[PDB]
Number of protein chains: 2
Amino acid sequence: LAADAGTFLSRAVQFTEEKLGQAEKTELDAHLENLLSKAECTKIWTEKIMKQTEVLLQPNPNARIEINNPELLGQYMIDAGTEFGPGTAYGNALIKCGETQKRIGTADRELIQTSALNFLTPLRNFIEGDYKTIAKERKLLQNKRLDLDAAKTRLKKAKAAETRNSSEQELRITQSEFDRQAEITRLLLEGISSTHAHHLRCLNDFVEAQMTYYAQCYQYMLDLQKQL
Amino acid sequence: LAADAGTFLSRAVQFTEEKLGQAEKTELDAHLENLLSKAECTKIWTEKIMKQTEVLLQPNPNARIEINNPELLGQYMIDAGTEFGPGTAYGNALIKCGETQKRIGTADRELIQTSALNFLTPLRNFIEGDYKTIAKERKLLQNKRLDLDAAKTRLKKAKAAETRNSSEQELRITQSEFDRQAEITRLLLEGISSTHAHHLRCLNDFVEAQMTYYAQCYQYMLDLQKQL
């Protein structure tokens, strides 16, 4: 209850003095330190790639917030050709081109849905399922470290019998707690390795989707050329 | 000088009477009417098609007013690969994919240059030339028609035989200018026939451009698949 509030205040004091430079800072084991850094970079890069991919798939920002451009152009062409006269060669071409443009529009929508269910979703799930969990452990680990240094300062300021005696007992518990949290954090950080391999498989899926999209559109264009 | 004001007054008054329905309106010959309508329709439809084509090629409105999305995504992927370790399989894939994404971006830029100069330019030229010239002559033709109807109104209101004879001469003068302007506009309207044939060749060029873009992109994607 109220005790919770007091503990928070003490933590800030230690943090400030460390930044002030009048206090030193305990360093985590290199292995754990390296693991923490690796996870951070993974989230940073994955976020950027996913966001830009969405912009590429749906160029219209308003549509991304939400008829695709290709089909709209096809609609105008068909209507114009009818007015210009279906028999007239110019009208004939406009009508056929409009139809082909609409077929291309269909292929685009298929690609967007396919990519989202095989690429955007898995990458997003990683941050939602793994990163968020790791974030919680990271915060708790830092909290324990702050308390350890705070007790250390008291032990350094040993000027009385009870001070020395209590400091030793207090530090013993603080050290053990920090060590316990370290083990749990290490385990989760170890899972990141599998995350990379999983993401690799999803990347292959995105590449395949684009190939199919371009192949379908190419054939559609070839047909229009023959008809025209 | 004062003549300018006088001419405006006569035209507006007669027009208002016709609008009110109290005054009758001299109609034009069917041939000229048909030609004028055809030209107007051509410009309206051509304007819409060209504008939508611009949106399709350059989805970004700001860029349309002026790096492409594909190349930017390529940059992110290559950078991430390095951090994740070029040797690492995940890093290798990210780097290769980014490179191909930039190549696709390059082909897009070529299409924009090729298409705009072979499709948008001609459509715009027609609207900037054939239509405008016709509109100017069409406006003067309406002014001449108003002068003719004003002369007819003066003629019917010319109770005095001598005044009516003067109105007959005035009517002949207005009729001659009116007929002359009709012929001038008619000649410009005949030009729209050639515009359609020219526009058809331009449409074929736009189709060819799109086919090349899709073909090149397909090959690029195929190569990336093999390397990965």
# chains A, B, ... in the order shown; residues from 1 in each chain; ligands from 1
>>> residues_around(residues="residue B:151", least_positions_apart="4", cutoff="8 Å", atoms="only C-alpha atoms", output="PyMOL selection string")
chain B and resi 147+155+167-168+170-171+174
>>> residues_around(residues="residue A:213", least_positions_apart="5", cutoff="12 Å", atoms="only C-alpha atoms", output="PyMOL selection string")
(chain A and resi 57+103-115+206-208+218-220) or (chain B and resi 214-215+217-218+221)
>>> write_last_selection(atoms="C-alpha atoms", output="short mmCIF file (atom, residue, chain, number, x, y, z; two decimals), in the first residue's frame")
data_model
loop_
_atom_site.label_atom_id
_atom_site.label_comp_id
_atom_site.auth_asym_id
_atom_site.auth_seq_id
_atom_site.Cartn_x
_atom_site.Cartn_y
_atom_site.Cartn_z
CA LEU A 57 0.87 -2.26 -50.70
CA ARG A 103 -8.63 -7.18 -64.11
CA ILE A 104 -5.27 -5.73 -62.89
CA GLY A 105 -7.17 -4.06 -60.01
CA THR A 106 -8.47 -7.49 -58.90
CA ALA A 107 -4.93 -8.96 -58.80
CA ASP A 108 -3.74 -6.03 -56.61
CA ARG A 109 -6.45 -6.64 -53.96
CA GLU A 110 -5.56 -10.37 -53.82
CA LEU A 111 -1.87 -9.52 -53.16
CA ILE A 112 -2.76 -7.10 -50.31
CA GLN A 113 -4.91 -9.70 -48.48
CA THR A 114 -2.43 -12.57 -49.10
CA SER A 115 0.58 -10.57 -47.82
CA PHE A 206 6.03 -11.96 -49.14
CA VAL A 207 8.50 -12.46 -52.05
CA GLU A 208 6.29 -15.24 -53.53
CA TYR A 218 1.82 -9.38 -67.22
CA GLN A 219 -0.50 -12.00 -68.80
CA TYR A 220 -3.48 -9.59 -68.57
CA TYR B 214 5.31 -5.52 -65.53
CA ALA B 215 7.64 -7.70 -67.66
CA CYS B 217 9.47 -6.38 -62.58
CA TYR B 218 8.54 -10.07 -63.07
CA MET B 221 11.34 -11.02 -58.68
#
>>> interface_residues(of="chain A", to="chain B", cutoff="6 Å", atoms="only C-alpha atoms", output="ChimeraX atom specification")
/A:45,52,56,69,73,80,90,200,211,214,218,221
>>> atom_distance(atom1="atom CA of residue A:25", atom2="atom CA of residue A:192")
27.2 Å
>>> atom_distance(atom1="atom CA of residue B:4", atom2="atom CA of residue B:149")
18.4 Å
>>> residues_around(residues="residue B:139", least_positions_apart="6", cutoff="12 Å", atoms="only C-alpha atoms", output="VMD selection string")
chain B and resid 36 132 to 133 145 to 146 178 181 to 182 184 to 185
>>> closest_residue(among="A:86, A:21, A:6, A:191", to="residue A:131", atoms="only C-alpha atoms")
A:191
>>> select_by_dssp(residues="stretch 52-103 of chain A", states="alpha helix (DSSP H)", output="MDAnalysis selection string")
chainID A and resid 52:57 61:65 69:84 89:103
>>> write_last_selection(atoms="N, CA and C atoms", output="short mmCIF file (atom, residue, chain, number, x, y, z; two decimals), in the first residue's frame")
data_model
loop_
_atom_site.label_atom_id
_atom_site.label_comp_id
_atom_site.auth_asym_id
_atom_site.auth_seq_id
_atom_site.Cartn_x
_atom_site.Cartn_y
_atom_site.Cartn_z
N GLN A 52 6.61 0.42 -43.66
CA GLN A 52 6.87 0.84 -45.06
C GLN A 52 6.17 -0.14 -46.02
N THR A 53 6.15 -1.43 -45.68
CA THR A 53 5.51 -2.44 -46.55
C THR A 53 4.03 -2.07 -46.73
N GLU A 54 3.37 -1.66 -45.65
CA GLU A 54 1.94 -1.26 -45.73
C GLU A 54 1.80 -0.10 -46.72
N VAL A 55 2.70 0.89 -46.62
CA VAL A 55 2.65 2.07 -47.53
C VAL A 55 2.78 1.58 -48.97
N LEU A 56 3.70 0.64 -49.22
CA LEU A 56 3.91 0.11 -50.60
C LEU A 56 2.64 -0.59 -51.08
N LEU A 57 2.06 -1.47 -50.26
CA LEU A 57 0.87 -2.26 -50.70
C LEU A 57 -0.30 -1.31 -50.95
N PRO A 61 -2.68 7.04 -48.62
CA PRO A 61 -2.71 7.09 -47.16
C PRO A 61 -4.15 7.00 -46.66
N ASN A 62 -5.08 7.71 -47.31
CA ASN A 62 -6.50 7.69 -46.89
C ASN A 62 -7.03 6.26 -47.01
N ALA A 63 -6.71 5.59 -48.12
CA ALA A 63 -7.16 4.19 -48.33
C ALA A 63 -6.51 3.29 -47.28
N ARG A 64 -5.25 3.56 -46.93
CA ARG A 64 -4.57 2.77 -45.88
C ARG A 64 -5.32 2.97 -44.56
N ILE A 65 -5.73 4.21 -44.28
CA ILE A 65 -6.52 4.50 -43.05
C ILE A 65 -7.82 3.68 -43.13
N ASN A 69 -7.44 2.73 -57.56
CA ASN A 69 -7.19 3.65 -58.71
C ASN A 69 -7.34 2.91 -60.04
N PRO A 70 -6.69 1.74 -60.27
CA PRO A 70 -6.77 1.08 -61.57
C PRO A 70 -8.21 0.91 -62.05
N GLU A 71 -9.10 0.40 -61.19
CA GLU A 71 -10.49 0.13 -61.62
C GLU A 71 -11.21 1.44 -61.94
N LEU A 72 -10.95 2.49 -61.17
CA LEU A 72 -11.60 3.81 -61.43
C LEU A 72 -11.24 4.27 -62.84
N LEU A 73 -9.95 4.19 -63.20
CA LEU A 73 -9.51 4.60 -64.56
C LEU A 73 -10.22 3.73 -65.59
N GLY A 74 -10.28 2.42 -65.35
CA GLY A 74 -10.97 1.51 -66.28
C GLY A 74 -12.42 1.91 -66.46
N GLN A 75 -13.08 2.32 -65.37
CA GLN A 75 -14.51 2.74 -65.45
C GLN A 75 -14.62 3.94 -66.39
N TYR A 76 -13.79 4.96 -66.19
CA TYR A 76 -13.85 6.17 -67.04
C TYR A 76 -13.67 5.77 -68.50
N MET A 77 -12.68 4.91 -68.77
CA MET A 77 -12.39 4.51 -70.17
C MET A 77 -13.62 3.86 -70.80
N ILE A 78 -14.25 2.91 -70.10
CA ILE A 78 -15.41 2.18 -70.69
C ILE A 78 -16.53 3.17 -70.98
N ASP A 79 -16.85 4.04 -70.02
CA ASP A 79 -17.95 5.02 -70.21
C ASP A 79 -17.62 5.91 -71.41
N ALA A 80 -16.40 6.44 -71.47
CA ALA A 80 -16.00 7.33 -72.57
C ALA A 80 -16.14 6.59 -73.91
N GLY A 81 -15.61 5.37 -73.99
CA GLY A 81 -15.66 4.60 -75.24
C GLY A 81 -17.09 4.44 -75.73
N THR A 82 -18.02 4.16 -74.81
CA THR A 82 -19.45 4.01 -75.18
C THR A 82 -19.93 5.30 -75.84
N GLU A 83 -19.67 6.45 -75.21
CA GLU A 83 -20.10 7.76 -75.76
C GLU A 83 -19.41 7.99 -77.11
N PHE A 84 -18.10 7.72 -77.20
CA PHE A 84 -17.34 7.96 -78.45
C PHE A 84 -17.83 6.99 -79.54
N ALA A 89 -13.20 2.73 -83.75
CA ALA A 89 -12.01 1.99 -83.27
C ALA A 89 -11.50 2.62 -81.97
N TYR A 90 -11.46 3.95 -81.91
CA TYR A 90 -11.01 4.65 -80.68
C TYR A 90 -11.88 4.20 -79.51
N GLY A 91 -13.20 4.19 -79.71
CA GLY A 91 -14.12 3.73 -78.65
C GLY A 91 -13.86 2.28 -78.31
N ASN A 92 -13.70 1.43 -79.32
CA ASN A 92 -13.43 -0.01 -79.09
C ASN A 92 -12.23 -0.14 -78.16
N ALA A 93 -11.13 0.54 -78.48
CA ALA A 93 -9.90 0.41 -77.66
C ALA A 93 -10.19 0.85 -76.23
N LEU A 94 -10.82 2.01 -76.05
CA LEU A 94 -11.06 2.53 -74.69
C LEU A 94 -11.81 1.47 -73.87
N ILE A 95 -12.84 0.86 -74.47
CA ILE A 95 -13.66 -0.14 -73.72
C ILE A 95 -12.76 -1.31 -73.31
N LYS A 96 -12.02 -1.88 -74.27
CA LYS A 96 -11.18 -3.07 -73.95
C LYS A 96 -10.15 -2.70 -72.88
N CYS A 97 -9.52 -1.53 -73.01
CA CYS A 97 -8.47 -1.13 -72.04
C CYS A 97 -9.08 -1.05 -70.64
N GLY A 98 -10.27 -0.46 -70.53
CA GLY A 98 -10.93 -0.34 -69.22
C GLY A 98 -11.11 -1.70 -68.58
N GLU A 99 -11.57 -2.68 -69.35
CA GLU A 99 -11.77 -4.05 -68.81
C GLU A 99 -10.44 -4.58 -68.27
N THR A 100 -9.37 -4.50 -69.08
CA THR A 100 -8.06 -5.05 -68.66
C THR A 100 -7.60 -4.34 -67.39
N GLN A 101 -7.77 -3.02 -67.33
CA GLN A 101 -7.30 -2.25 -66.15
C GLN A 101 -8.02 -2.79 -64.91
N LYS A 102 -9.31 -3.12 -65.05
CA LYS A 102 -10.09 -3.63 -63.89
C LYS A 102 -9.57 -5.01 -63.47
N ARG A 103 -9.19 -5.85 -64.44
CA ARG A 103 -8.63 -7.18 -64.11
C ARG A 103 -7.36 -6.98 -63.27
#
>>> closest_residue(among="B:31, B:150, B:124, B:118", to="residue B:8", atoms="only C-alpha atoms")
B:150
>>> closest_residue(among="B:180, B:28, B:188, B:175", to="residue B:136", atoms="only C-alpha atoms")
B:188
>>> atom_distance(atom1="atom CA of residue A:10", atom2="atom CA of residue A:39")
29.3 Å
